[PDB]
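Participant: For reference, the structure I am asking about is given below.
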Amino acid sequence: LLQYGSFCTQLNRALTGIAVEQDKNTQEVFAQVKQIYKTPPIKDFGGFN
Amino acid sequence: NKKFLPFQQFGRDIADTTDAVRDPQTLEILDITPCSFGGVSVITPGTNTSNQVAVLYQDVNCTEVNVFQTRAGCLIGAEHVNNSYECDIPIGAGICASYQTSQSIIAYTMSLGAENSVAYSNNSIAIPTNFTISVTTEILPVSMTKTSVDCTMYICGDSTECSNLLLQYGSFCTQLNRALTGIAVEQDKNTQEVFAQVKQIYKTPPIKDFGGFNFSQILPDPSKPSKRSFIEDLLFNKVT
Amino acid sequence: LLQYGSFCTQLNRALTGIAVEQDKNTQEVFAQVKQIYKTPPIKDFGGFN
Amino acid sequence: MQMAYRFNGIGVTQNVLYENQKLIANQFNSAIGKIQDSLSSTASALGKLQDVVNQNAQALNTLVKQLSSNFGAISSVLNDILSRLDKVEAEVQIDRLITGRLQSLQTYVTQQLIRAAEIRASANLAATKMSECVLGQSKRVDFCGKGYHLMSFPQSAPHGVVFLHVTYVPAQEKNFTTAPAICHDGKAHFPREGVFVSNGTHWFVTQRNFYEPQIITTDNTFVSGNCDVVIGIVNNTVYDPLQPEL
Amino acid sequence: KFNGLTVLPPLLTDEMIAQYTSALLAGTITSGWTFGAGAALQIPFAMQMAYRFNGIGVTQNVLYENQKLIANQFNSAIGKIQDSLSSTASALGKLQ
Amino acid sequence: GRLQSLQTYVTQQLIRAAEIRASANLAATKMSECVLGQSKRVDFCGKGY
Ligand SMILES: *[C@@H]1O[C@H](CO)[C@@H](O)[C@H](O)[C@H]1NC(C)=O
Ligand SMILES: *[C@@H]1O[C@H](CO)[C@@H](O)[C@H](O)[C@H]1NC(C)=O
Ligand SMILES: *[C@@H]1O[C@H](CO)[C@@H](O)[C@H](O)[C@H]1NC(C)=O
Ligand SMILES: *[C@@H]1O[C@H](CO)[C@@H](O)[C@H](O)[C@H]1NC(C)=O
Ligand SMILES: *[C@@H]1O[C@H](CO)[C@@H](O)[C@H](O)[C@H]1NC(C)=O
Ligand SMILES: *[C@@H]1O[C@H](CO)[C@@H](O)[C@H](O)[C@H]1NC(C)=O
Ligand SMILES: *[C@@H]1O[C@H](CO)[C@@H](O)[C@H](O)[C@H]1NC(C)=O
Ligand SMILES: *[C@@H]1O[C@H](CO)[C@@H](O)[C@H](O)[C@H]1NC(C)=O
Ligand SMILES: *[C@@H]1O[C@H](CO)[C@@H](O)[C@H](O)[C@H]1NC(C)=O
Ligand SMILES: *[C@@H]1O[C@H](CO)[C@@H](O)[C@H](O)[C@H]1NC(C)=O
Ligand SMILES: *[C@@H]1O[C@H](CO)[C@@H](O)[C@H](O)[C@H]1NC(C)=O
């Protein structure tokens, strides 16, 4: 298999690029805000539940 | 102008190509550079227009031999002009070829647009006093031609030895059939996304009083067998 | 290599389609206007530098 | 009344429609006629779609013409190799033909799959323009045609949709002298929605996309502050409608 | 390197795309939002910033009554973006 | 082997060209909307109003 050049490292480069892109996707969707907010325990929201 | 170590015979580059040598007979350092190859491009107007033809020699200049050098390369058969026109046929690096006026092929520098100097002042504003209803056309493709290739009929046309030797290769045939089936299902999902926006089918009333606007070209005329409109009937006859 | 049909022509079709699309990309981004403008030499822009 | 609302949607007072209704109807009908003639004259206006048809047909022609390749075998025709050789001797050439034709199918499926991704991206764009340019009115600049979008019209096409974007292009400009405010009695007067213009003598207020002058009254404008902060405040009398009434 | 692998030049050179972005900046400064919708209509630049403050709901008195502070914040932000492109090439990695 | 190498190069160039086309359609849309106009779309033309 070592006589077929740089196929294997290229395949691992492609799959690692895919995985890094997946963490980029799920970070760019959800991490829109840099302060975790909380609702107060007194829930007077105008009547909405 | 390189300088080897006193035993070294030749040289390499990053690409593991011999970029330099030392002469074996006399102690001097030569330099291998490959011979000037490159692509040949044929710039043409339509054969339905003319038969005058220029020829582009990419990446090399006019060593070989209206013969002029561009950054795209040597260019024979073209006539350089100190004017600047709208780009017609691209060549490369801001140079476009065109079949202008007796009519021969010119090659010039691309004009990016009409030069303009907008007036500006602390006190000057330009308010429009009139207007114009412009109606513009955008043409976007929605779906593609559905296609399935039976891989066993393609590779082995009516054969049973070939079918068995194809069976030795596992499941490539079903993989290709499955990928083309996924494409052909996407090509109907596309048209159901674009067109089928509205569930109720609406229809226009027969008394068409629209304040003065004439919608006849775009609304379907039911006198035709295929109940489609004039502009759609022109559009279905310009794509072959 | 001649006995493999037209693999080379197909690879050159692909790379040519890519090159034409790169010129389409740069012209769709930058060539938005068709009249080239120039600022006046007196830059009295309300105080913005 | 739809186009009264659709002129209000581009910042134009809807009297501009009703006081120009026949001229707008004639411009719309003449532009529809220009589209019909511009399509019936030139047959290459639908090139976005012919590129799809021609590229897909070239891919199929390539897939067909790979059948006449030898790929290292004695012949491209399988039946020659079957009829002329032993059952052990023919399988080597048959393996070469099977390997080449399977490489051809993998190339065609990969190419079609990438091309399908491009068609899907343009189909998502066309669905967005159907939902936003046609089915509503978009404030997105030069998304629904160059100019200010008024309404948009879908028409079918072979393997594609065609949008007719009715827009608004302001035509006849005219240089005016403007000022950011009016100093009246030590107060600053800012326009409510519009811009101050002056023909040379008297100061007017007009909306920005059509020149219709209004005599500056206390209900065209908006008092805020004093005459010493705004850079360029000028002197004119603001009309007061209560003054010829009391 | 030179085993058949020829790099073609782009059609628009870097001077042409720089003249295009020059035209875009001169259009947005001298006209504003109007040159992309027909002809270019001259507007003094304080009125562009006032009619862009009206576009976000802020009353346009806030611009004219704070024009110098807005000018200083804009020029200081341009200086900071020059520093972030002159001392750091981290965001440009998206191109690299 | 060399033909598989060249075809692998071509396939990855087609995929990367498609990715570049998607980002250049973002760039053309942002010239048409952030530059030539004044956008109301939230966080499309920067963080804020
Ligand atoms: C909201 O709904 C849940 C389930 O319907 C209910 O248990 C809860 O009491 C509701 N909240 C209030 C404030 O009534
Ligand atoms: C092509 O050329 C023929 C004669 O050379 C001419 O009759 C025809 O009009 C041309 N085609 C077009 C589209 O003009
Ligand atoms: C080719 O280009 C080189 C470098 O620009 C120049 O020295 C040489 O003279 C050119 N050859 C011809 C034939 O013009
Ligand atoms: C274009 O102008 C340059 C400089 O004046 C000159 O050298 C050249 O000969 C001109 N081209 C033609 C075709 O006359
Ligand atoms: C506006 O232009 C039209 C022609 O397009 C003309 O008939 C009309 O008189 C013009 N209106 C004004 C107010 O000048
Ligand atoms: C509308 O325009 C078409 C153009 O052919 C014409 O034939 C038709 O008579 C017109 N109808 C009305 C209502 O003006
Ligand atoms: C604008 O900034 C440059 C450098 O930041 C400076 O040289 C120039 O004098 C400034 N102009 C004004 C009017 O402050
Ligand atoms: C406005 O003024 C500029 C500069 O003086 C001039 O070029 C332009 O033609 C004028 N336009 C009108 C409509 O007066
Ligand atoms: C400007 O308009 C006013 C309208 O009240 C008119 O009296 C005046 O003569 C006009 N001036 C010019 C220079 O057109
Ligand atoms: C008008 O231009 C003069 C110089 O010609 C300048 O001093 C003044 O500030 C400008 N007007 C405004 C409102 O900035
Ligand atoms: C405008 O009027 C005020 C008084 O209402 C006066 O002080 C000021 O000088 C006037 N502006 C000019 C430019 O003369």
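Residues displayed in chain B correspond, in order, to Swiss-Prot positions 556-620, 641-676, 689-827.
Positions of Cβ are set from backbone N, Cα and C atoms, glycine also.
When I checked Swiss-Prot for this same protein, it listed these features:
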| type | residues | note |
| --- | --- | --- |
| DISULFID | B:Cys617-B:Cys649 | disulfide bond |
| DISULFID | B:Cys662-B:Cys671 | disulfide bond |
| DISULFID | B:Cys738-B:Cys760 | disulfide bond |
| DISULFID | B:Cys743-B:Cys749 | disulfide bond |
| CARBOHYD | B:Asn603 | N-linked glycosylation site |
| CARBOHYD | B:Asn616 | N-linked glycosylation site |
| CARBOHYD | B:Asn657 | N-linked glycosylation site |
| CARBOHYD | B:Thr676 | O-linked glycosylation site |
| CARBOHYD | B:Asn709 | N-linked glycosylation site |
| CARBOHYD | B:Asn717 | N-linked glycosylation site |
| CARBOHYD | B:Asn801 | N-linked glycosylation site |
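I'd like to know what surrounds each of these features in this structure.
Facilitator: Listed in sequence order, the residues of the same chain lying 6 or more apart from B:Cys617 (disulfide bond) and placing their CB within less than 8 Å of its CB are B:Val642, B:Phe643, B:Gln644, B:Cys649, B:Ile651. DSSP assigns B:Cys617 (disulfide bond) to coil in the three-state reduction, outside any helix or strand.
Annotation note: B:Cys671 (disulfide bond) sits in a strand segment as assigned by DSSP. Long-range Cβ contacts of B:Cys671 (disulfide bond) within its own chain (separation 6+, distance under 8 Å): B:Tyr660, B:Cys662, B:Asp663, B:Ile664, B:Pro665, B:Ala694, B:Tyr695, B:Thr696, B:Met697.
Neighbours of B:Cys760 (disulfide bond), defined as other CB atoms within 10 A of its CB across all chains, total 19.
Reduced to three states, the DSSP call for B:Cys743 (disulfide bond) is coil.
DSSP classifies B:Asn603 (N-linked glycosylation site) as coil under the three-state reduction. Annotation for B:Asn603 (N-linked glycosylation site): no spatial neighbours, criterion Cβ-Cβ under 8 Å with sequence separation of six or more.
In the shown protein chains, 15 other C-beta atoms lie within 10 A of the C-beta of B:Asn616 (N-linked glycosylation site).
Reduced to three states, the DSSP call for B:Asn657 (N-linked glycosylation site) is coil. When other Cβ atoms within 10 Å of the Cβ of B:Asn657 (N-linked glycosylation site) are tallied across all protein chains shown, the result is 6.
The local packing around B:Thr676 (O-linked glycosylation site), expressed as other Cβ atoms within 10 Å of its Cβ over all shown chains, amounts to 6.
Neighbour density for B:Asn709 (N-linked glycosylation site): within 10 A of its CB lie 15 other CB atoms from the protein chains shown.
Note: B:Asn717 (N-linked glycosylation site) has no non-local neighbours, i.e. no same-chain residues 6+ apart with C-beta under 8 A of its own C-beta. Under DSSP, B:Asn717 (N-linked glycosylation site) is assigned to coil, being neither helix nor strand in the three-state scheme.
Summarising the environment of B:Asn801 (N-linked glycosylation site), the number of other Cβ atoms within 10 Å of its Cβ, over all protein chains shown, is 15.
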Participant: In the structure shown, with every protein chain counted, which of the disulfide-bonded residues B:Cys649, B:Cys743, B:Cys749 has the densest set of Cβ atoms within 10 angstroms of its Cβ?
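Facilitator: Answer returned by the neighbour count: B:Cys749.
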Participant: Quick one: Cα separation, B:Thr676 (O-linked glycosylation site) versus B:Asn657 (N-linked glycosylation site), in Å?
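Facilitator: Between the alpha carbons of B:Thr676 (O-linked glycosylation site) and B:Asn657 (N-linked glycosylation site) there are 14 Å.
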Participant: Of the recorded positions listed here (B:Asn616, B:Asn709, B:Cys738, B:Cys743, B:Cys760), which is spatially closest to B:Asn801 (N-linked glycosylation site) when Cα positions are compared?
Facilitator: B:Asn709
Participant: Any of the recorded positions B:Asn657, B:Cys662, B:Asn709 with a C-beta atom under 6 A from ligand 10? Give them in order, or none.
Facilitator: B:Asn709
Participant: Check the Cα-Cα distances from B:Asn709 (N-linked glycosylation site) to the recorded positions B:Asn657, B:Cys743, B:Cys749, B:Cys760 and tell me which is shortest.
Facilitator: B:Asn657
Participant: To the nearest whole angstrom, what is the C-alpha distance linking B:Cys749 (disulfide bond) and B:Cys738 (disulfide bond)?
Facilitator: 12
